[PDB]
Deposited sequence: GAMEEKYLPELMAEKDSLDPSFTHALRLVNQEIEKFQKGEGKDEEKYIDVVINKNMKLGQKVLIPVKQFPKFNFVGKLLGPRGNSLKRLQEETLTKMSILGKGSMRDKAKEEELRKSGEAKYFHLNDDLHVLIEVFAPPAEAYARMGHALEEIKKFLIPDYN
């Protein structure tokens, strides 16, 4: 009974209610402890603020990515993590970025957030926490100007 009401609203809501539509679709689409013997891969995620407020003119994203992205790819490979630069100011063109933000797609919803690096690890527990610790130490050398 409840999902058919949600779908009627999805279909009848005016497009300009981008946030309501997102919350409705999200609600529609909705239709543990670590066991150390079998030691299965677990997901760890951690967001790290880029200190833009305190360094408003430093080019953190450009330093993080490098030419053609190669600096961030090499840092990903040598830390065995995935790193995503997300949040306000994470794109090159701020006017383009703002239009994507306004589109309401979940793919661009992170643009409402503060500029951060999302570090994600998938590994057995002891190794996942170790990897994340090493990634945090290396990522400092990029986020703190010198």
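Judged by missing C-alpha atoms, the gaps in the deposited chain sequence fall at residues 1 to 5, 37 to 45, 161 to 162, listed in sequence order.
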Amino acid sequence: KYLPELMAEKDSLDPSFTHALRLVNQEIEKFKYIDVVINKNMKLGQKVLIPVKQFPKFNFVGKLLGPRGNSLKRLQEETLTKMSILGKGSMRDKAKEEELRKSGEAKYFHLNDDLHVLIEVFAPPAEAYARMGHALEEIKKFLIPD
From here on, numbers count along this sequence of modelled residues.
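Higher mean CA B-factor, judged across 13 to 21 and 132 to 140 from the recorded values: 13 to 21.
Higher mean CA temperature factor between 22 to 30 and 93 to 101: 22 to 30, per the PDB entry.
Comparing C-alpha B-factors across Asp35, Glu120, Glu77, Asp114 in the deposited entry, the largest value falls on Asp35. Among the modelled residues of its chain, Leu49 has a C-alpha B-factor that falls in the middle third, as given in the PDB entry. Among all modelled residues in this chain, the alpha-carbon of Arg68 has a temperature factor (C-alpha) in the middle third.
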